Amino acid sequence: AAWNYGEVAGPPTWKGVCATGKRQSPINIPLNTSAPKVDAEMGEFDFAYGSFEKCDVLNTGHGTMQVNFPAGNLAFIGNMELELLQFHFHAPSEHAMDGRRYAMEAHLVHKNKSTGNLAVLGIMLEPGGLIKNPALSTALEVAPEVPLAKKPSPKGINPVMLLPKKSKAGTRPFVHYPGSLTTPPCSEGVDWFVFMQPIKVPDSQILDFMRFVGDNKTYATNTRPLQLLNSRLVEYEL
């Protein structure tokens, strides 16, 4: 006969824009493509994440924990101003780079003060890290095991720590594209910025997270399959 373990059963049954939209996330992000690449001409991100003491850690009942920030944490790119709302994680990564996913993907979700949209910053987490990632760590420690339950972090959580390090040219290369939320209702009009430089992380933390995703009784994943690019193009700021 013919059989597999297959993928998680839920995502191909999500309704509304999840099924109908044509600007859905995530997507494959070509790198080693011969195909020529539209430059984003947006310049480089600058971060003003200061108001990061006093955080809530929330158990979404959807695998990941969610760190909620108070107003005042700002990032700038192009002329646009981005106010940080929350961050969370996916394992394995949601976006892919030439077909290949990573151990985790961090999602920093912002209100886009300039467009009225949301903007999601996306960072790849790789295994190999010698230092625990402090933001990830605290998110792991504080996160209520009871689902739906949220409780305030006693430690401060610096979300800049989820950003890749600057290159040997001042930059943090990224791709930009219009897409959606990767969970229901998958609303569109989200600006996606996926950085190309992964951050290394001790394997303990990746297993700790997949453990959290598995209700602390197994190891599990919380990722959506890749979606068609369709009419879009991806903008590179390499």
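Numbers for residues come from their place in the sequence shown, where the first is 1.
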| property | result |
| --- | --- |
| Stretch exceeding the other in mean C-alpha B-factor - 41-49, 209-217 | 41-49 |
| Comparing 32-40 with 199-207, the one whose average Cα B-factor in the PDB entry is higher | 32-40 |
| Given 133, 115, 93, 153, the residue at which the Cα B factor reaches its maximum | 153 |
| Of the residues 104, 108, 146, 142, the one carrying the largest Cα B-factor as recorded | 146 |
| Ranked C-alpha temperature factor of residue 9 among modelled chain residues, by third | highest |
| For residue 61, the third of its chain into which the C-alpha B factor falls | highest |
| CA B-factor placement of residue 80, once the chain's modelled residues are sorted into thirds | highest |
| CA B-factor placement of residue 70, once the chain's modelled residues are sorted into thirds | highest |
| Ranked against its chain, the third holding the CA B-factor of residue 165 | highest |
